[PDB]
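Scroll down for the structure; my scribbles are underneath it.
Chain naming here is simple, since letters A, B, ... match the order of the sequence lines and numbering starts at 1 in each.
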Amino acid sequence: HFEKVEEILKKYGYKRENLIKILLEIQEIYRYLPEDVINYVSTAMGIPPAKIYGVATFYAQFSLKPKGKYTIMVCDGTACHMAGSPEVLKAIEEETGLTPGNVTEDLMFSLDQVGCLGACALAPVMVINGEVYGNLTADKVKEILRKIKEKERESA
Amino acid sequence: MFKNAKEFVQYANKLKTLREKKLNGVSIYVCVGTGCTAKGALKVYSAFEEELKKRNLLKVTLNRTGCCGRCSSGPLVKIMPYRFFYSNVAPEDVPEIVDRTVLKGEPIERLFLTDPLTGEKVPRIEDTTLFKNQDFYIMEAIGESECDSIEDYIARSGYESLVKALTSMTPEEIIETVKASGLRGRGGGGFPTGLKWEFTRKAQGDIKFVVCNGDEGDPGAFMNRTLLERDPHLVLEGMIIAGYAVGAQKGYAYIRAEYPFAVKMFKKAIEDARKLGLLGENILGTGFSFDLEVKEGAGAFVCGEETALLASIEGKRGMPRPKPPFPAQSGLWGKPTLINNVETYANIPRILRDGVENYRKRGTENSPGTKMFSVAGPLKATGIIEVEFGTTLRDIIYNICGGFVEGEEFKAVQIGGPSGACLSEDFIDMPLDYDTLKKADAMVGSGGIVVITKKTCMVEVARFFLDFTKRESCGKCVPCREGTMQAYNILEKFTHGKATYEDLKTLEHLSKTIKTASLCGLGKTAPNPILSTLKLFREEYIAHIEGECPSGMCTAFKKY
Amino acid sequence: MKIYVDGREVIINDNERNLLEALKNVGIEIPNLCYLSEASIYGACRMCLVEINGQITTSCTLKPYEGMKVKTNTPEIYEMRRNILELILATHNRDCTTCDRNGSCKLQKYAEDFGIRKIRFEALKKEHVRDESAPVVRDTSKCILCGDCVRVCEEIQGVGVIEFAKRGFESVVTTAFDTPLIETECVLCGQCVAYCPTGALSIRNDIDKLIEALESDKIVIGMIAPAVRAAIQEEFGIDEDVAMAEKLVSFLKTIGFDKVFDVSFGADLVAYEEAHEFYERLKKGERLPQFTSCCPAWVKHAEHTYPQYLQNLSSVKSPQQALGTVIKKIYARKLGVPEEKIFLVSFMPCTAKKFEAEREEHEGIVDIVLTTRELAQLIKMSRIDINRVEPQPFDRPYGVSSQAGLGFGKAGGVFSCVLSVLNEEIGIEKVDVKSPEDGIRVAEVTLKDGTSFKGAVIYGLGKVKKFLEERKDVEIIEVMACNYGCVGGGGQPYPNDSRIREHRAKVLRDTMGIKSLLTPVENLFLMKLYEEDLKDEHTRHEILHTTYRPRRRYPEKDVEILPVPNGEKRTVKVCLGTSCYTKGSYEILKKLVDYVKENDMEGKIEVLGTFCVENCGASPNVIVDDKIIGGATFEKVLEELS
Amino acid sequence: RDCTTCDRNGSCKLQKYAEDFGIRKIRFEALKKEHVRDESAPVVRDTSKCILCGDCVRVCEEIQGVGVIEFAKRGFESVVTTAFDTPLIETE
Ligand SMILES: Cc1cc2nc3c(=O)[nH]c(=O)nc-3n(C[C@H](O)[C@H](O)[C@H](O)COP(=O)(O)O)c2cc1C
Ligand code: SF4
Ligand code: SF4
Ligand code: SF4
Ligand code: SF4
Ligand code: SF4
Ligand code: SF4
Ligand code: FES
Ligand code: FES
Ligand code: FES
Ligand code: FES
Ligand SMILES: [Zn+2]
């Protein structure tokens, strides 16, 4: 019994030309692309599920696993890479035990390496839920990760 | 302004009067372009709002402006009546700015722009040495233009070129003037746009399409998004003029969903143009119909290819196909499609407003116009700059960007991302052109620039670019799909200090195969970094085969 | 047109699409790995490089022009072609001994010809998929990503269950979410296998079961499909041969088969039963139009796609199942041997018959189904010249069949058999046959009394959708999932293109022509079967009739965090949607995970993640034992867990 | 079982029988053998493809009269090799 998905499909008129936009909306709502959701979308649009799967796994914005509570985005652009982004990625791995494209056991953290964020003056750059932290290093990345970990752990 | 053009003329004149009124008064512009927001520009805007509201002295006005070319100089704020440019404006000193400057007007020395070359602070950005060393032809009204305002764009003489084209000129003359101006495709190829417009117009078909490629074509460049966030209506007007010239009734703008501000700005510009009648079923009552839509890019570097872009727009996987039949004949849904870069469309209205001789006054005989770049890497001043098509790399690196940060030295420069070239100091004194350096194994590219310093291992640079290309390959043809990963494996072996001369020979011979046999441009230029570094930095590869790494960053052997 | 190939005058053709095809028409071959089947396209292999005006380019995308100088062989082109082939072979699962394309693989032949004796590149690892849950077996480690199967499934079969996924080095042809092919909407027609140029797509081989059965003490009974005899001769590279079935009988009896029957007898029986059923439907004008149920691929397709037409499907089971049920339930009693003692072997040209034999409604009737290729393998193992085998007739009482029964092997066979049965029962004044499209034929039939109907024959799945959407003036519709009927089945010898299928149809027609009795009633054995065993309607219904059920995916596929493979548990699901994420849900999930980390030593509690449960606006939701809570939190889920 | 990079590919009796017998899987686990690969001489040795038919030994001894290759070890470790696994280029 899907309602929001039906609203999106009706808004875009069950047209394949708008499949990517529909999938972006569905991800924004569900935070990822569940198999059931796009199975329903395929049934409604008369498009085989394999087609939607091929489209979804081709573009980066689409994720097949739930996004982490604190989604981490580490720029891998040229400037950020020569500025020390691999060190940032290694620090993130050693701290949270994950590599880009993965999520933690409790969905607390997720990681994805992206292109230039338009802030090369702050290379290397990391983004967490829209909060950008520039001029990063291994020590700074580890320190901020611990701080956010404690902050979330508090709950209260 | 919805029936005749004289109403639009009167509307523009009164909007100009209103803009002059507001400009003469005290107004605040905070650069909300990408990079400045990363530094806290939006929080600065919030601080300005709250401080100016509690004091309740609004006849002040607060406005959002686009990139001003000094992204690295903190969030940017300037006041109009006294054109004082403020840099590194934190949300904590906003009340100080309001009290000292907005109310009284005393210059604030502590919050001005330093001069990287002369080591001094100048109150006005227009008086800065970097500003004078540049050539602003596309970017205009730096720091004093409202990105989200069709009213402001009209008040700055905007949309006049489209009206001139519609009421006065006929598509043939428009295409003729575009051809005469010599404008070349800013997307990187450099193909003459006028010839492309001829190809699209001559195509046999009643329905045609105009497609704008918003992609940067580089994972280290932010020119197109910055231009979109600066003056979206400029690109909008260029696209409308192109659709009129090639006789199209529908246009698509392809902006990445990863860029929320660019998408929002272009959507708002489109809605404003439609509301004001610039877009709709009857533009200015001349029998010409045209509408524009923004299509979200879900993220795929291969979508910069024309065929892949067309497949992506239509809702399929961005898979390129053998170019003939060309998109100029059969593009979107088999119909003729004009595909150009954002900067090309931005240039179009500028050429139309000016002449052909006036346009050619800037640049070279074969490359007229200007090019907007995005310089990065360790430099005193980094951000978006515009230069004439005759400038050298030294001018940009030192005189415009201020040079390198203390304790750093020049090694090499990347000019077009992975598809670009790696240039050493032997090409620094070579004027930029689509022809002068297209033969010395170099290319201007989409407009991205990244400087490489002595502490950078170039084998690692090649490895990084090949890793990117291996990730971005669509996987259709054997050469790119397989060879990119194999070459990345070889380069990784080189980085891990376990390579050999056999690996070097294999890489050199596989690069030729990838370059020649690949289907589309992604795989064709995939081995460009390898070829560039081996032609310019062979001794570093040899040292790596010996476990030396003169640069010494890539941690594979140390403290033994 | 005149062109210069390697410096010699060559005349290609007047109008041509590309240089490669023009030269191939001339007789000049350029190595390539694109033209691999009838569903092939050009541009992916990149191996057809030629040199023209200095620059190298692919000849498949090069439009020829008058007097063009083209060099098809230069040291640079040799280097590039060998590099491309080595790239393909580096990541290819090079185990040809156990491959189904061994000896008929273009990649293998090129590796031989190109003298590739060692891999200069690294055999990098991929996230390969190995699906063996269906008679169609997927092994993506042998896939060359030609895409022929995708085009076959989408454009030719109209199902589209397999597609390209991911990109770059990780590009893979697979089902959605790597779902097992048995669990998807795949109809198992086997056409993708028929067109696959590598071992990536293959048929499940069940020769071991047959051999262990023959070695046992059970009575093995074989029954051969009509279209198996029309194509088996290709595997041995010999010419067409009528009487193929009888020398097959001789060979099967030699290798230990106690009885061998003809599935054409089952086809005659099915045609008789379906003709009577269709006549009843006509006289009542109900449950029309009627669909033939002889093609299991079409039956499964209808169950997946046309749940409203399941009542229109013929109740009669397919010839394989009908004859097998007759054997197991009547012949066993006549022989005084328990049904467990009989081992039934079916030789079919179809992969969907393997699925049909394993259906719940057909459980235990057909023990194993072997395709034409597996039968050819059986013959080749013995190394006896089948051409020299003296034929002997099928075994009684299910050995003879009418020409109409043997016509089942190609499209339009069952419709013609039904027409013959009706004509014999009640004459047919005339039949007018039209051909709206290539694979669609419509017949207008007038009976002697005066009542008339319309019947359509559709071969090739995917043409059914348009016909059903636009044509509503028929009473009976024959649907065959494969082009040309069963002569082009999934299990037929490779290659399996249209020319060989037409030749197979011609061979089957020639075999039909030499049959004396023309209609099922003339089959004395069938009438004896009706008079002695199927005399009453109750036994006939339980023997020859089956029921069909709708198919719908049942995907739960909830996010797994701390799953428990089995055993009674609590299966707590935490919603991970945006609205629920907006306040708490993720914190609640973390707290519950840490709770089961400190408590819950055993698998009593199963912590799951789930997507939006359509209960937004009612605070974060936490599903417990498939129950809605609303306003959930750690304590509110602990209390319920108590 | 790597026929793509084998010199008998297309003219191997074992390959043809594997094709004909319908051997699409092996329930017998692939045991590990101390295989010998040699590349020192124009004549290349690879005992992992050897079926221990003994034809090469007879050819070398009876026909050519050199007898530099012979059966060594026994049982599962049976191998046709040179004395002390010496590289061919260093033997007679
Ligand atoms: C991998 C790849 C990425 C590309 N990215 C861009 C891009 O981001 N922007 C652009 O204008 N052209 C890009 N191009 C080039 C266009 O696909 C193509 O040249 C198009 O015709 C641009 O038209 P223009 O020359 O008028 O700008 C790319 C090409 C390739 C092969
Ligand atoms: S070169 Fe790369 S991106 Fe281009 S078609 Fe081939 S595989 Fe795709
Ligand atoms: S598809 Fe099979 S026969 Fe062909 S090369 Fe691969 S493993 Fe060998
Ligand atoms: S067997 Fe038929 S339906 Fe199934 S994947 Fe292959 S072509 Fe598609
Ligand atoms: S499975 Fe077979 S037909 Fe399909 S793409 Fe792979 S090799 Fe081609
Ligand atoms: S048409 Fe014949 S071979 Fe094809 S799926 Fe149907 S029964 Fe099987
Ligand atoms: S015993 Fe000798 S001839 Fe026989 S397979 Fe082994 S190496 Fe070859
Ligand atoms: S390269 Fe990372 S923000 Fe520009
Ligand atoms: S984004 Fe503000 S100066 Fe560039
Ligand atoms: S035949 Fe394959 S790319 Fe030309
Ligand atoms: S987001 Fe949880 S019920 Fe919808
Ligand atoms: Zn190094």
Tested for side-chain contact (heavy atoms from CB on, under 4.5 Å) against A:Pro66, the lone hit among C:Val559, C:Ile561, C:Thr610 is C:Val559
From the list A:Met108, A:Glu152, A:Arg31, side-chain contact (heavy atoms from CB on, under 4.5 Å) with C:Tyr586 holds only for A:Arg31
Please find the pair of heavy atoms, one from [X] and one from [Y], that lie closest to each other, and give the distance.
| X | Y | result |
| --- | --- | --- |
| A:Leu107 | C:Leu589 | CD1-CD1, 4.1 Å |
| C:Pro555 | A:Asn39 | CG-ND2, 4.0 Å |
| C:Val159 | A:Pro48 | O-CB, 4.0 Å |

Between A:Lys69 and C:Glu587, is the closest basic N to carboxylate O distance under 4.0 Å? yes
Under 4.5 Å heavy-atom distance to chain C, tell me which part of [X] shows up: side chain, backbone, both or neither.
| X | result |
| --- | --- |
| A:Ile52 | neither |
| A:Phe2 | both |
| A:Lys4 | side chain |

Please check if the number of heavy atoms outside [X] that lie under 6.0 Å from its [atom1] is greater than 12.
| X | atom1 | answer |
| --- | --- | --- |
| C:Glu598 | CD | yes |
| C:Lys126 | NZ | yes |
| C:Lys627 | NZ | yes |

Atom group of [X] that falls short of 4.5 Å from chain A, counting heavy atoms:
| X | result |
| --- | --- |
| C:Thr179 | side chain |
| C:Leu562 | side chain |
| C:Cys616 | side chain |

Most contact-rich option vs chain C, by heavy-atom pairs under 4.5 angstrom, among A:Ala50, A:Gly54, A:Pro49, is A:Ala50
Chain C shares the most heavy-atom pairs under 4.5 Å, among A:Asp106, A:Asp36, A:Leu64, with A:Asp36
Which label fits A:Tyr30 and C:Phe611: parallel for a plane angle under 30°, tilted from 30 to 60°, or perpendicular past 60°? tilted
message: When you compare the side chain of C:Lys590 with that of A:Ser155, does any pair of heavy atoms fall below 4.5 Å?
response: no
Taking a cut-off of under 4.5 angstrom between non-hydrogen atoms, the residues of residues 163-172 of chain C near chain A are C:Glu163, C:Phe164, C:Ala165, C:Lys166, C:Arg167
Separation between CZ (A:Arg153) and CG (C:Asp594), nearest 0.5 Å, reads 10.5 Å
